[PDB]
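Heads up, the thing below is written out as structure tokens.
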Amino acid sequence: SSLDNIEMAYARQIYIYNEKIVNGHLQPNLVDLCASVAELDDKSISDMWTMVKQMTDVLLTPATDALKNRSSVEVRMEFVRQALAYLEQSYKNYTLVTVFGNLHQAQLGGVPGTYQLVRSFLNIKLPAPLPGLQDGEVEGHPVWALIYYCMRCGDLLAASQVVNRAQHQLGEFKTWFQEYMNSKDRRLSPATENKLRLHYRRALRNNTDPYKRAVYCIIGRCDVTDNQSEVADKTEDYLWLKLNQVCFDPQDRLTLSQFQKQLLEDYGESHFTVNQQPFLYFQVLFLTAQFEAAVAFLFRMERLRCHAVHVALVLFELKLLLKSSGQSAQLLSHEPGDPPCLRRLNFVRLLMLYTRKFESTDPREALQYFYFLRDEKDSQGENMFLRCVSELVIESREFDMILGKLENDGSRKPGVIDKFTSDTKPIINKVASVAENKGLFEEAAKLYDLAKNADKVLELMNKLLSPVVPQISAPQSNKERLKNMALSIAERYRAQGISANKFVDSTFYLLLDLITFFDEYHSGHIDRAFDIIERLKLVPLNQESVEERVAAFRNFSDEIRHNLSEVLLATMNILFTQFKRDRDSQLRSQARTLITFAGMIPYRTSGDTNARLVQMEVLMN
Amino acid sequence: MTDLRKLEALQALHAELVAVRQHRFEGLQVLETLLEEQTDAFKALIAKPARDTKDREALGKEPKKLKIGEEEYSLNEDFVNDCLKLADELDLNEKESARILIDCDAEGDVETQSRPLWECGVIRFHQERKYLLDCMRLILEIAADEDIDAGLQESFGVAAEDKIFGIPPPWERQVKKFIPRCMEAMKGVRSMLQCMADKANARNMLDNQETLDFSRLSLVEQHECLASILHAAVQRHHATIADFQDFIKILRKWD
């Protein structure tokens with residue numbers, strides 16, 4: 001097996017999600033089905049899916065195009081809020097593990113109020129007082145530190161409580177903050193927003209209290225260039241600092257498009273992967289709505305291929321992933337007729353790479369991933385899922401497992417693909433078609449016979465029999481192994497009343513009779529073998545039938561005319577033997593008949609055959 | 001023989017490449033037949049499945065019967081102990097690690113070397129990467145040889161573009177480029193060699209000294225082969241500025 005522990009667990013989860021859609025059940029939450037395995041690994045992966053769920057848990061317009069949802073200002077706004085809610089809660093967990101040694105340890109004693117937690121967080125991260133703080137303290141801590149880390153944790157209420165106990169010190173900041181907490185989308189009114197920004201810009205552009213600076217332009221979304229590096233030293237603190245500063249419809253203003261493009265264009269992977277920590281960059285792209293970038297990026301880490309494919313599937317089963325129309329493009333690209341700030345993922349290629357790894361010895365699991373390509377076609381029109389099953393069968397040669405083995409008793413035990421579509425007639429011909437083009441007739445027959453395509457089964461069975469008609473049928477020979485399959489196809493084609501056009505069909509049952517004629521001839525059962533050839537009315541034995549038999553030879557399958565030479569000789573040698581054992585006249589007359597027939601028929605080795613036939617007739621007299 | 005395992009397949013393939021390199025074209029028809037059987041091998045230079053807990057708990061729970069692919073084997077208290085040991089030293093999956101040990105029992109190399117069964121798995125694992133990577137150098141080396149037929153010189157060229165670099169030929173045609181896989185490939189060799197000295201030095205601070213020396217030799221040879229393959233790929237103008245910046249940074253961070 002080519003699948004690692006983690007990859008295998010995901011496969012099982014994707015089998016469920018397929019079993020549900022294959023039986024018409026409720027469309028379960030894919031993101032939940034993937035996070036179910038994440039908990040079996042380190043929390044590096046669990047915290048990823050947590051971000052994936054929260055970033056995709058946005059009210060969408062079902063049955064709407066992918067590009068439309070992702071271009072709409074409506075959806076683009078909720079992404080920023082879902083991310084900020086993740087950066088705030090994520091930071092809140094950092095503040096817990098900073099005070100208590102373990103999340104469990106914090107829980108048993110009870111998570112304290114965000115206010116008392118933050119206070120018990122300031123104790124550690126600033127034990128001694130910084131001399132540059134302003135506006136005094138509140139219950140033993142600087143008022144601005146409490147406000148910042150409370151807003152950072154996302155509890156505006158806890159921050160407003162701090163403000164209520166410092167009404168005299170904070171001046172007019174109270175009426176401004178109380179408006180920020182009330183107004184939605186973390187934005188103030190243009191009039192009041194103007195009043196505070198100008199005040200900050202007036203004489204507080206450079207204040208000795210960094211926490212004061214941070215809060216002001218987090219509330220006013222100002223000084224976008226100043227990264228407030230004094231308080232936002234971590235990467236998440238930067239993302240959170242900026243997403244609280246982005247704006248929507250000219251100076252000192254930043255928008256999501258600029259920010260998202262500004263980040264990866266100027267500070268690409270190189271900047272965010274110098275510490276050899278891959279998820280750091282992924283979180284930067286995913287929490288900025290650049291899902292295709294983050295997916296391709298994370299898909300290149302050979303250790304995190306599994307995770308990047310699935311986060312792509314989630315975005316794909318939620319009409320959020322922007323697929324690349326052309327299949328000839330690179331993995332990541334920007335369509336020419338699209339804005340430059342969005343990118344597109346060649347989803348078809350993405351799955352095709354992941355599959356090649358475990359498609360060789362784990363076919364069942366491969367199909368589960370090929371199903372997501374059911375909705376796509378290629379330039380030639382083939383259904384992508386169907387084509388992927390053809391290529392996977394041509395390579396793996398797993399016919400019984402994937403296509404269903406058709407035993408020699410008339411049964412068709414369904415295969416693994418039967419689960420996904422009930423119309424399995426084309427691919428069985430596709431797989432049968434190539435194997436036919438590769439001279440693998442004995443297989444192409446079994447495959448065509450699996451799809452009950454007797455036109456092709458009998459055609460190929462005619463080719464495999466004609467060479468072996470006069471041969472000696474011996475144990476385990478190529479004659480027995482082909483005759484016995486032909487008879488197993490004769491019964492199942494009569495018991496089920498199946499037949500190809502009379503040309504193909506007539507020749508097929510005719511060869512089977514001839515194969516019996518030589519099997520009796522090679523055994524010495526001369527009398528019995530003579531009777532068979534007489535029924536077939538293939539070789540004339542009375543002079544009257546020569547005219548009609550000669551005309552029939554003209555339109556009989558060349559697979560029959562080929563073996564005419566051996567038939568005449570065996571029949572002659574049959575009469576020849578019976579002569580040495582009135583009757584003499586009758587054999588003599590029949591001997592003549594064979595000669596005149598052979599004389600009027602142009603066929604294989606007519607030279608040596610016509611001569612031998614005449615000699616055997618002379619010895620009779 | 002005809003039914004050769006992974007190790008015997010790479011060892012036999014290597015001999016064929018040397019023939020064509022030493023002016024011996026008596027195995028042209030036999031050479032092409034091997035590249036098609038090992039297509040999945042040339043795609044991924046070196047990749048070890050991460051150690052999964054599903055197989056760890058299942059292997060030791062019912063160490064009675066093992067099923068790998070189409071064949072079946074029986075596990076005993078002695079063989080099962082070698083699987084966990086090999087998987088721990090190399091951090092390899094239990095399923096993949098077991099297959100390596102099974103190949104030793106069939107070939108019966110324990111008597112040819114007279115070493116523990118679990119140690120042979122380490123050598124057999126390193127041999128695969130050696131030939132798997134060393135054989136690639138011969139393909140590109142022969143594809144650039146000017147003292148051979150122009151037709152044959154071009155056959156190995158287009159083949160390397162698709163088998164090694166994963167670039168389809170001109171008559172046809174989500175996936176990751178070759179360089180990023182090669183850079184990550186060489187990275188694994190460094191981390192594996194670093195952790196080797198740390199763990200080896202701890203216990204050393206035995207009959208496996210020569211085996212450790214041979215493993216270090218194989219690792220350095222594989223690193224040299226990967227470097228040569230990267231150089232050859234760069235010689236075809238298949239790079240960019242990002243790879244150059246990454247290499248410059250790696251050099252700046254050289255200790």
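The chains in the structure tokens are called A, B, ... from first to last as shown; in each chain the residues are counted from 1, and the ligands are counted from 1 in the order shown.
Shell of residue 579 (chain A) at 12 Å, with only C-alpha atoms counted and residues fewer than 2 places along the chain excluded, is residues 526, 572, 573, 574, 575, 576, 577, 581, 582, 583, 584, 585, 586, 587, 588, 589, 590, 591, 616, 617, 618, 619, 620 and 621 of chain A.
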6 Å contacts from chain A to chain B using only C-alpha atoms, as a list in words:
residues 4, 5, 300, 331, 346, 349, 350 and 353 of chain A
Residue subset to file, keeping N, CA and C atoms, as an mmCIF file, in the first residue's frame:
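And here's out_12.cif as it stands now:
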```
data_model
loop_
_atom_site.group_PDB
_atom_site.id
_atom_site.type_symbol
_atom_site.label_atom_id
_atom_site.label_comp_id
_atom_site.auth_asym_id
_atom_site.auth_seq_id
_atom_site.Cartn_x
_atom_site.Cartn_y
_atom_site.Cartn_z
ATOM 1 N N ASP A 4 0.118 6.626 3.417
ATOM 2 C CA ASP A 4 0.539 6.751 4.815
ATOM 3 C C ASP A 4 -0.665 6.794 5.776
ATOM 4 N N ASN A 5 -0.379 6.627 7.083
ATOM 5 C CA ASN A 5 -1.457 6.476 8.069
ATOM 6 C C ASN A 5 -2.501 7.585 7.902
ATOM 7 N N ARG A 300 2.597 21.858 -2.497
ATOM 8 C CA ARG A 300 3.956 21.546 -2.917
ATOM 9 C C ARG A 300 4.773 20.923 -1.794
ATOM 10 N N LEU A 331 -0.497 24.896 -12.497
ATOM 11 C CA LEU A 331 -1.273 24.640 -11.286
ATOM 12 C C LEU A 331 -1.893 25.920 -10.736
ATOM 13 N N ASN A 346 -5.770 24.988 -11.084
ATOM 14 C CA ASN A 346 -6.064 23.931 -12.052
ATOM 15 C C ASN A 346 -6.427 22.678 -11.260
ATOM 16 N N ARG A 349 -5.661 19.088 -12.684
ATOM 17 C CA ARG A 349 -4.284 18.645 -12.512
ATOM 18 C C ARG A 349 -4.009 18.303 -11.050
ATOM 19 N N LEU A 350 -4.466 19.152 -10.125
ATOM 20 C CA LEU A 350 -4.241 18.922 -8.700
ATOM 21 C C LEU A 350 -4.579 17.489 -8.300
ATOM 22 N N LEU A 353 -2.315 14.672 -9.970
ATOM 23 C CA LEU A 353 -1.014 14.426 -9.360
ATOM 24 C C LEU A 353 -1.165 13.559 -8.118
#
```
Would you please give, as number ranges by chain, all residues of region 456-516 of chain A that DSSP assigns to helix (DSSP H, G or I) based on the backbone?
A: 456-468, 478-495, 502-516
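When DSSP reads the backbone of this structure, the residues of region 220-386 of chain A it assigns to strand (DSSP E or B) are residues 246, 247, 254, 255, 323, 332, 333, 344, 345, 377 and 383 of chain A.
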Keeping only C-alpha atoms, take the residues you just selected and write them out as a PDB file, in the first residue's frame.
```pdb
ATOM      1  CA  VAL A 246      -8.752  47.423   5.741  1.00  0.00           C
ATOM      2  CA  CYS A 247     -11.400  49.673   4.204  1.00  0.00           C
ATOM      3  CA  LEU A 254      -5.858  50.117   2.595  1.00  0.00           C
ATOM      4  CA  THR A 255      -8.279  47.656   1.001  1.00  0.00           C
ATOM      5  CA  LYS A 323     -11.259  26.293 -11.070  1.00  0.00           C
ATOM      6  CA  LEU A 332      -1.634  28.303 -10.266  1.00  0.00           C
ATOM      7  CA  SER A 333      -2.492  31.106 -12.678  1.00  0.00           C
ATOM      8  CA  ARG A 344      -7.166  30.258 -10.227  1.00  0.00           C
ATOM      9  CA  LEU A 345      -6.321  26.645  -9.386  1.00  0.00           C
ATOM     10  CA  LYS A 377     -15.133  17.044 -19.269  1.00  0.00           C
ATOM     11  CA  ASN A 383     -16.469  12.495 -18.941  1.00  0.00           C
TER      12      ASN A 383
END
```
Near residue 89 (chain B), within 12 Å and counting only C-alpha atoms, which residues show up once chain neighbours fewer than 6 positions away are dropped, as an mmCIF file with N, CA, C and O atoms, in the first residue's frame?
```cif
data_model
loop_
_atom_site.group_PDB
_atom_site.id
_atom_site.type_symbol
_atom_site.label_atom_id
_atom_site.label_comp_id
_atom_site.auth_asym_id
_atom_site.auth_seq_id
_atom_site.Cartn_x
_atom_site.Cartn_y
_atom_site.Cartn_z
ATOM 1 N N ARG B 51 5.288 7.773 9.442
ATOM 2 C CA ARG B 51 4.883 6.707 10.351
ATOM 3 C C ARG B 51 3.462 6.957 10.839
ATOM 4 O O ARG B 51 3.197 7.957 11.516
ATOM 5 N N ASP B 82 11.343 -7.071 14.291
ATOM 6 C CA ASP B 82 12.227 -6.383 13.356
ATOM 7 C C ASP B 82 11.508 -5.253 12.630
ATOM 8 O O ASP B 82 12.138 -4.254 12.266
ATOM 9 N N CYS B 83 10.199 -5.390 12.409
ATOM 10 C CA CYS B 83 9.451 -4.341 11.726
ATOM 11 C C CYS B 83 9.428 -3.060 12.551
ATOM 12 O O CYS B 83 9.714 -1.971 12.041
ATOM 13 N N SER B 97 7.909 -0.624 5.701
ATOM 14 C CA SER B 97 9.053 -1.242 6.363
ATOM 15 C C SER B 97 8.964 -2.762 6.312
ATOM 16 O O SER B 97 9.977 -3.447 6.129
ATOM 17 N N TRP B 118 16.920 -7.263 11.020
ATOM 18 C CA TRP B 118 16.480 -5.874 11.060
ATOM 19 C C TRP B 118 17.524 -4.933 10.472
ATOM 20 O O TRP B 118 17.172 -3.871 9.946
ATOM 21 N N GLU B 119 18.806 -5.300 10.547
ATOM 22 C CA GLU B 119 19.846 -4.449 9.976
ATOM 23 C C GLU B 119 19.842 -4.517 8.454
ATOM 24 O O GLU B 119 20.109 -3.512 7.784
ATOM 25 N N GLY B 121 17.351 -4.649 6.554
ATOM 26 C CA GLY B 121 16.339 -3.732 6.061
ATOM 27 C C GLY B 121 16.867 -2.328 5.850
ATOM 28 O O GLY B 121 16.424 -1.623 4.939
ATOM 29 N N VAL B 122 17.816 -1.898 6.684
ATOM 30 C CA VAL B 122 18.396 -0.568 6.524
ATOM 31 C C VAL B 122 19.246 -0.508 5.261
ATOM 32 O O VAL B 122 19.208 0.479 4.518
ATOM 33 N N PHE B 125 17.034 -0.681 2.126
ATOM 34 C CA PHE B 125 16.356 0.593 1.902
ATOM 35 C C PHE B 125 17.289 1.608 1.255
ATOM 36 O O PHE B 125 16.877 2.359 0.364
ATOM 37 N N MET B 192 17.980 13.638 7.862
ATOM 38 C CA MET B 192 18.173 12.238 8.231
ATOM 39 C C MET B 192 19.608 11.979 8.668
ATOM 40 O O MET B 192 19.849 11.200 9.597
ATOM 41 N N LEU B 193 20.576 12.625 8.013
ATOM 42 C CA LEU B 193 21.971 12.453 8.402
ATOM 43 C C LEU B 193 22.261 13.143 9.728
ATOM 44 O O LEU B 193 23.049 12.640 10.537
ATOM 45 N N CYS B 195 20.061 13.739 12.292
ATOM 46 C CA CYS B 195 19.483 12.937 13.364
ATOM 47 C C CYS B 195 20.236 11.626 13.547
ATOM 48 O O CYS B 195 20.246 11.063 14.647
ATOM 49 N N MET B 196 20.870 11.126 12.485
ATOM 50 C CA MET B 196 21.641 9.893 12.595
ATOM 51 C C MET B 196 22.838 10.079 13.521
ATOM 52 O O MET B 196 23.084 9.256 14.409
ATOM 53 N N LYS B 199 21.646 10.512 17.290
ATOM 54 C CA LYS B 199 21.254 9.259 17.927
ATOM 55 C C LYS B 199 22.426 8.286 17.996
ATOM 56 O O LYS B 199 22.652 7.651 19.031
ATOM 57 N N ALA B 200 23.177 8.153 16.901
ATOM 58 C CA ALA B 200 24.314 7.238 16.890
ATOM 59 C C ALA B 200 25.354 7.647 17.924
ATOM 60 O O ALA B 200 25.875 6.805 18.666
ATOM 61 N N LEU B 212 26.784 1.338 9.567
ATOM 62 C CA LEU B 212 26.612 2.785 9.649
ATOM 63 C C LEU B 212 27.528 3.501 8.664
ATOM 64 O O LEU B 212 27.125 4.484 8.030
#
```
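Of note, CA of residue 166 (chain A) and CA of residue 138 (chain A) are spaced 7.2 Å apart.
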Which polymer residues have any atom within 8 Å of an atom of residue 140 (chain B), counting only C-alpha atoms, with same-chain residues fewer than 6 positions away left out, as JSON, numbers by chain?
{"B": [156, 157, 160, 229, 232]}
What would the file look like if the residues just selected were written as a CSV table (one decimal), in the first residue's frame with C-alpha atoms?
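Written file, part.csv:
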```csv
chain,number,residue,atom,x,y,z
B,156,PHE,CA,17.1,9.1,-23.5
B,157,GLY,CA,16.7,12.9,-23.6
B,160,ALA,CA,14.3,12.0,-18.9
B,229,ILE,CA,20.8,15.9,-11.4
B,232,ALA,CA,21.9,18.9,-15.3
```
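Interatomic distance, CA of residue 189 (chain B) to CA of residue 130 (chain B): 12.2 Å.
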Between CA of residue 117 (chain A) and CA of residue 52 (chain A), measure the distance and give it in Å to one decimal.
27.2 Å
Shell around residue 125 (chain A) at 12 Å using only C-alpha atoms, local window under 6 positions removed, as a VMD selection string
chain A and resid 95 98 to 99 118 to 119 141 145 149 231
